[PDB]
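Student: Protein chains in written order, with our numbering: chain A, 140 to 569; chain B, 23 to 235; chain C, 386 to 429; chain D, 327 to 589.
Idealized CB from N, CA, C, for every residue including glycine.
Sharing a structure, written as structure tokens. Questions coming.
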Amino acid sequence: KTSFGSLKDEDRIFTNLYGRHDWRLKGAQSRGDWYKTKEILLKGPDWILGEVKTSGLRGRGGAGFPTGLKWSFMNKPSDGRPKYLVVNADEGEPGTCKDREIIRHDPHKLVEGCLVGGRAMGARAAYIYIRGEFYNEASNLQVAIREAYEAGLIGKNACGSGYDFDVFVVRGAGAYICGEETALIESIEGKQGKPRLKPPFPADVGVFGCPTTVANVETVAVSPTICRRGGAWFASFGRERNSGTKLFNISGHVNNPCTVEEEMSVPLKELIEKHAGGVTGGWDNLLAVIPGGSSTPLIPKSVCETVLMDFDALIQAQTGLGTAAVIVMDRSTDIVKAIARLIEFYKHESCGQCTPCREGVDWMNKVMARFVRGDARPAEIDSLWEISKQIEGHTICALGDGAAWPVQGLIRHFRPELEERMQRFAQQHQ
Amino acid sequence: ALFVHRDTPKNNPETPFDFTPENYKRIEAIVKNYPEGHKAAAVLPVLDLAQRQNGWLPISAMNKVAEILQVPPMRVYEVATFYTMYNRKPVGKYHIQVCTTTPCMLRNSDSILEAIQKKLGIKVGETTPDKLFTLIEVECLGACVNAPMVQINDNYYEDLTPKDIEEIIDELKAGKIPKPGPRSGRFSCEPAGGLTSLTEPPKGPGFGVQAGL
Amino acid sequence: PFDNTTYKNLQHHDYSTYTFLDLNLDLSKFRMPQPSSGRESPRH
Amino acid sequence: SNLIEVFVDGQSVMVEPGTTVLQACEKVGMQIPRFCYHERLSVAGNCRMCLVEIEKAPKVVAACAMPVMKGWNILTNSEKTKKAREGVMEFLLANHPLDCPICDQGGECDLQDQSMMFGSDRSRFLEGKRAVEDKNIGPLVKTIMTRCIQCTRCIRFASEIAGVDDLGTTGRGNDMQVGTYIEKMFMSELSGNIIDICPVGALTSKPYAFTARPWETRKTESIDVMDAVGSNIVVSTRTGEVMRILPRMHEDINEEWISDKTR
Ligand SMILES: Cc1cc2nc3c(=O)[nH]c(=O)nc-3n(C[C@H](O)[C@H](O)[C@H](O)COP(=O)(O)O)c2cc1C
Ligand code: SF4
Ligand code: SF4
Ligand code: SF4
Ligand code: FES
Ligand code: FES
Ligand SMILES: [K+]
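Put into structure tokens, the structure is as follows:
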């Protein structure tokens, strides 16, 4: 297949994405969820992990690691300690609001994903770390989990397969760093959400020091559909090593900001002009697009004309795919103010543990706040580049990378706007 | 805004805090969610429960959470100062949280912040003199396609204009409670010019299922 | 009938401040007994 | 035995499994710059000064916390190792106060010394620095938390060795502060050793404060008599007068600590 996009409703995994049908158990069973789940559980861990490896599923959290290869790290004999699937439902990324839609509107799909993914890795129970701001969504998922316990679908003898599997919901308390997998593990254990160093990987020492896989809501929720519909079905979409469907959040300066499911290797221009109603003022009004939420570098309108929205096409476009949260910016935007507000987010959401992010993200906020006004000189652009390169690859977790990359994208594509900002500051304030 | 504590006559370790007995049963249900030997994993939900009971966290809710979980009090102070939901000062009865990150800022959340300020007569961080509203400015609330939006104590009020949020503040001053959703025509997150997808009836169970399963 | 014009998630207009915790208290009985590390805390 | 072979700058060395990169470099006599690593405390990994290149790996690893694999070549003096060290020293000195003349750590400071050895020679920092509220933890440890570089040897000492669990980090981000969060008086029997293991002048000895300076003292290696443990001590004298007392390392007695009566 050379042309991607144009995804039909028979291939949509996340039916009832929009809340237009009953999210409860009598609705979810009538849309395909909890069908033949005992037959999925009785085919063992290795069949389910083979169906995830064959489907080419990659992690929807922002890292994009291959999900079957990740989950097979737990496929190992027990050593006394329990094993825990942990669902990352924090979703603090700016632009990203899709896991809220999964939990609020398709909760039993998340519960069945917890059951199937926990059987695949031999997990005892599932701790879903939901965002604490998502209170109505948490109680929504809790009504669904009570409906799945009272139907015998989870718990003692889950789905009648002779497997014991609990599903828990742990509410966070307002920290974006608790979406990082080790910091989320630290927050379940009752501490500050501060990330761990690796090694040990969570599959060795995770939550409570047990073996643990942390996975996104979306990569967990698609796993029963990957089991039922087959891996080759899900791998028939997108490019090779970019297999499947994907929830895309288009927001910012579009006419109809929306969450939408779409095929993987869709063009970005086709996605915006088909599901969002175009950029406000037409496509000629486009300035830049942050492709995948705040941690990815922006790409200008010349790059967004022919770019494809999967992992490899955006890595070759010197940016990332991330959570696939499309922030659209028009020509009426102060782009330095937007990236400075984004760096202000990254210093107000940073746990302060290691030196490069703790000191340098605040120092990048100060340099970006001087770049907005223009109170700077053009040597400081390359100075800020070198500060961002000192933060990148030196921190404990990837909030340093995710705070250095917007600065790098802004400099790399919009150095002339910074320079003309500073020189008009100089010729009107001196 | 400070991360040290000083004992005031309304916030000291002899400020009266205690859980209600139904909240003690809720704390029992919370602590049973975590493995034995790891009772310290219930620090966040019990401290959120204490904030839900009391409205805010004095330094006796922190000491009571440290007392009923057998953890050091400094290890509860760390959690209470780390996470930005734990109100260590008494906030108003309706805690308005305007998002001003870039997906809400591009869709003009500054006009909503200005509308709430000139409606209440306060600024960012202040509390109204009758202790009904505390307006602070928060980061990404996770409702980005519904930008711009606020949060009022549990509830997301979305797709807002200045008129919508002024109507919300009107009916919160009137003792009523508003409906937590998008204040435009659409329901949750769909394209506002009709559904661009999911219009067909969904298939139901048995569709596309591979053989031998 | 098939309906697509109404929003079926109207239940969260009635959630109180203790809805999550009462659902946890209701789910307290359906669960398996937690594994123990053998000690009462890592300070025991 | 089960010793694996690692290379430190090409030099072969046989280490036990579970040996960190830092200890592997120590076994050939290279001391990696560290601020939060302490051999008697738990490993934190949160100052990033020990970042070292392993060749054929496109990322520096924290040598204090990274267990070695077989056949790694550790490059302690490579180009990107030195760039990592200079960058991390730059971030440590971004918000650090210009207090070295009025500071009791001057001349015996880790931050000064391995800034001279591994850091750059000038600043690119052009902003206003933070200033931290000072804490009060008793009549022994003078507390100037503006100098705190947030390495958490405080907290790991008082947690694991002193067994007190009353120091910690409050806040988040660059506003993260080390302290007790309340007006608490950290009075252990081993409380003066946080003056030893604080690498900076954030925790200084209040009785010793301002009276002397490390380069002018004479180190007399002597013995405690305040109990029957027999802690080996250094009696630093300056011009015929005793200035302070510091521990000596003796693994069999006092490993490198002394008590507050002794100190
Ligand atoms: C600062 C930061 C925030 C993150 N936030 C989230 C998040 O909110 N949700 C999420 O699924 N992954 C998040 N991640 C990625 C996780 O570390 C991890 O990759 C993911 O949760 C689980 O892997 P998966 O993509 O296979 O699901 C975050 C990572 C970082 C560094
Ligand atoms: S990168 Fe930033 S958020 Fe993450 S551990 Fe380091 S200081 Fe904390
Ligand atoms: S702690 Fe060290 S670097 Fe800091 S002011 Fe004192 S002597 Fe100077
Ligand atoms: S006061 Fe000293 S030992 Fe304590 S965390 Fe700060 S720099 Fe480290
Ligand atoms: S940007 Fe305001 S909710 Fe995400
Ligand atoms: S010494 Fe290894 S990071 Fe502090
Ligand atoms: K010191």
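Quick one: using the 10 Å Cβ neighbour count with 16 as the cut-off for buried, is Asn34/B buried or exposed?
Tutor: As a first step, residue 34/B is located in the second sequence; it is residue number 12 there, counting from the start. With fewer than 16 other Cβ atoms within 10 Å, it is exposed.
Student: How would you list, in chain order, the residues of chain A whose beta-carbon sits under 7 Å from the beta-carbon of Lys225/B?
Tutor: Within the second sequence, the letter at position 203 stands for residue 225/B. Near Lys225/B (Cβ distances below 7 Å), the residues of chain A are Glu149 and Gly171.
Student: If we count the other Cβ atoms within 10 Å of its Cβ and call it buried at 16 or more, is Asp578/D buried or exposed?
Tutor: Reading the fourth sequence from its first residue, position 252 is the one you call residue 578/D. Looking at its Cβ environment, which holds fewer than 16 other Cβ atoms inside 10 Å, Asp578/D is exposed.
Student: Whose beta carbon lies closer than 5 Å to any heavy atom of ligand 2, going through the chain in order?
Tutor: Chain-ordered list of matching residues: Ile316/A, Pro334/A, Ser489/A, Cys490/A, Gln492/A, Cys493/A, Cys496/A, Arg497/A, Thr534/A, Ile535/A, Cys536/A, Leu538/A and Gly539/A.
Student: In the DSSP assignment, the beta strand (DSSP E) including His117/B goes from what residue to what residue?
Tutor: On the second sequence, position 95 is the one that residue 117/B refers to. Element bounds for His117/B: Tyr116 to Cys121.
Student: Scan the segment 203 to 234 of chain A and note each continuous beta strand (DSSP E) run of 3 residues or more that stays entirely inside, going in chain order.
Tutor: With a minimum length of 3 residues, the continuous beta strand (DSSP E) runs that stay inside the segment 203 to 234 of chain A are 223 to 228.
Student: Can you determine whether any heavy atom of ligand 4 sits closer than 6 Å to the C-beta of residue 590/D, and answer yes or no?
Tutor: Only positions 327 to 589 of chain D appear in this structure, which leaves residue 590/D out of reach.
Student: Chain A partners of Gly499/D, CB-CB under 9 Å?
Tutor: Sequence index remark: in the fourth sequence, residue 499/D carries index 173 (1-based). Result: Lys486, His487, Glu488, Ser489, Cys490, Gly491, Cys496, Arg497, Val500 and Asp501.
Student: Going by the C-beta, is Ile470/D closer than 6 Å to any heavy atom of ligand 7?
Tutor: The sequence position of residue 470/D within the fourth sequence is 144, counting from 1. Not under cutoff, so the answer is no.
Student: Quick one: which chain A residues come within Cβ less than 7 Å of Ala64/B?
Tutor: Here residue 64/B is taken as the residue at index 42 of the second sequence, counted from 1. Within 7 Å Cβ-Cβ: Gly329.
Student: Between residue 570/A and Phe304/A, how many whole angstroms is the CB-CB distance? I'm expecting something under 8 Å.
Tutor: Residue 570/A cannot be examined here, being either before or after the span of chain A that is shown, 140 to 569.
Student: Mind listing the chain D neighbours of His533/A? Cutoff is C-beta to C-beta under 8 Å, in chain order.
Tutor: The residue you call residue 533/A lines up with position 394 of the first sequence. Those within 8 Å of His533/A in chain D are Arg374, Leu377, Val386, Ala410, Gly413 and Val414.
Student: In chain A, which residues lie with their C-beta within 8 Å of the C-beta of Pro57/B?
Tutor: Counting from one through the second sequence, the residue named residue 57/B turns up at place 35. Simply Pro221 and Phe347.
Student: When you compare only the Cα positions, how much space is there between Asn558/D and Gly518/D?
Tutor: Position 232 of the fourth sequence, counting from 1, holds the residue named residue 558/D. Position 192 of the fourth sequence, counting from 1, holds the residue named residue 518/D. If I take the Cα positions, the gap works out to 16 Å.
Student: Comparing the CB of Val504/D with every heavy atom of ligand 4, is any distance shorter than 6 Å?
Tutor: As a first step, residue 504/D must be located in the fourth sequence, where it is residue number 178. Within the cutoff, so yes.
Student: Pull out every residue of the segment 411 to 424 of chain C whose Cβ sits closer than 7 Å to any Cβ of chain A, in chain order.
Tutor: Of all residues in the segment 411 to 424 of chain C, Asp411, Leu412, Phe415, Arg416, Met417 and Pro420 have a Cβ within less than 7 Å of some Cβ in chain A.
Student: Between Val414/D and ligand 3, is the CB less than 6 Å from at least one heavy atom?
Tutor: In the fourth sequence, the residue the question calls residue 414/D occupies position 88. For ligand 3, not one heavy atom lies less than 6 Å from the Cβ of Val414/D.
Student: Is it buried or exposed for residue 289/D, if we count other Cβ within 10 angstroms and need 16 for buried?
Tutor: Only positions 327 to 589 of chain D appear in this structure, which leaves residue 289/D out of reach.
Student: Can you list, in chain order, the residues of its chain with a C-beta nearer than 7 Å to that of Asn403/D? Leave out the 5 residues immediately preceding and following it.
Tutor: Within the fourth sequence, residue 403/D is the residue found at index 77, counting from 1. Around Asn403/D: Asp335.
Student: Please state the DSSP three-state secondary structure of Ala259/A.
Tutor: Numbered from its first residue, the first sequence carries residue 259/A at position 120. Helix.
Student: To the nearest angstrom, how far is it from the Cα of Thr384/A to the Cα of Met260/A?
Tutor: Stepping through the first sequence from its first residue, residue 384/A is reached at position 245. Stepping through the first sequence from its first residue, residue 260/A is reached at position 121. Distance between the alpha carbons of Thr384/A and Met260/A: 23 Å.
Student: When the Cβ atoms of the segment 394 to 406 of chain A are set against those of the segment 192 to 199 of chain B, are three or more pairs found closer than 8 Å?
Tutor: The segment 394 to 406 of chain A is not in contact with the segment 192 to 199 of chain B.
Student: Chain A beta carbons: is any one of them nearer than 7 Å to that of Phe387/C?
Tutor: The residue you call residue 387/C lines up with position 2 of the third sequence. So no, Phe387/C is outside the interface.
Student: Is the CB of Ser527/A under 7 Å away from at least one CB in chain D?
Tutor: Within the first sequence, residue 527/A is the residue found at index 388, counting from 1. So, not an interface residue.
Student: Short check: CB of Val369/D to CB of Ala391/D, under 7 Å?
Tutor: Translated into the one-based positions of the fourth sequence, residue 369/D becomes position 43. Translated into the one-based positions of the fourth sequence, residue 391/D becomes position 65. Yes.
Student: Show which residues of chain C have a CB atom less than 8 Å away from the CB atom of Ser278/A.
Tutor: Translated into the one-based positions of the first sequence, residue 278/A becomes position 139. Chain C residues near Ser278/A: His397, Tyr400, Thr404, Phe405 and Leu408.
Student: For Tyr178/B, does the three-state DSSP call read helix, strand or coil?
Tutor: Position 156 of the second sequence, counted from the first residue, corresponds to residue 178/B. Looking at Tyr178/B - three-state DSSP - the assignment turns out to be strand.
Student: Just the Cα atoms here: how many angstroms apart are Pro359/D and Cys373/D?
Tutor: On the fourth sequence, position 33 is the one that residue 359/D refers to. On the fourth sequence, position 47 is the one that residue 373/D refers to. Approximately 10 Å between the Cα atoms of the pair.
Student: Would you kindly check if the distance between the Cβ of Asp186/B and the Cβ of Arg208/B is under 7 Å?
Tutor: In the second sequence, residue 208/B corresponds to position 186, counting from 1. In the second sequence, residue 186/B corresponds to position 164, counting from 1. Result no, Cβ atoms of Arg208/B and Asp186/B do not sit closer than 7 Å.
Student: Spatial neighbours of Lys111/B within its chain, please: CB distance less than 7 Å, with the 5 preceding and 5 following residues excluded, ordered by chain position.
Tutor: Counted from its first residue, the second sequence places residue 111/B at position 89. Correct list, in chain order: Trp78.
Student: Quick one: is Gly489/D near chain B, going by C-beta distance under 7 Å?
Tutor: Working through the fourth sequence from its first residue, we reach residue 489/D at position 163. Not closer than 7 Å to any Cβ of chain B, the Cβ of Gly489/D fails to qualify, so no.
Student: Looking only at C-alpha atoms, which of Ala463/A, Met448/A, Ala374/A and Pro406/A sits nearest to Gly431/A?
Tutor: The count along the first sequence starts at 1 and reaches residue 431/A at position 292. Of the listed residues, the one whose Cα sits closest to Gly431/A is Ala463/A.
Student: Could you pull the start and end residues of the alpha helix (DSSP H) that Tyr46/B belongs to?
Tutor: Residue mapping note: residue 46/B aligns to position 24 of the second sequence, counting from 1. Where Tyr46/B is concerned, the enclosing alpha helix (DSSP H) stretches over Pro43 to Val53.
Student: Using only alpha-carbon positions, find the residue among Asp425/D, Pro465/D, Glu379/D and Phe451/D that is nearest to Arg411/D.
Tutor: Sequence index remark: in the fourth sequence, residue 411/D carries index 85 (1-based). Among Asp425/D, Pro465/D, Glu379/D and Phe451/D, the Cα nearest to that of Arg411/D is on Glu379/D.
Student: For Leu323/A, which of helix, strand or coil comes out of DSSP?
Tutor: Within the first sequence, numbered from 1, the residue matching residue 323/A stands at position 184. In this structure, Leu323/A counts as helix in the three-state DSSP scheme.
Student: Could you pull the start and end residues of the alpha helix (DSSP H) that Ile241/A belongs to?
Tutor: Within the first sequence, the letter at position 102 stands for residue 241/A. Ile241/A -> alpha helix (DSSP H) spans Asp238 to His244.
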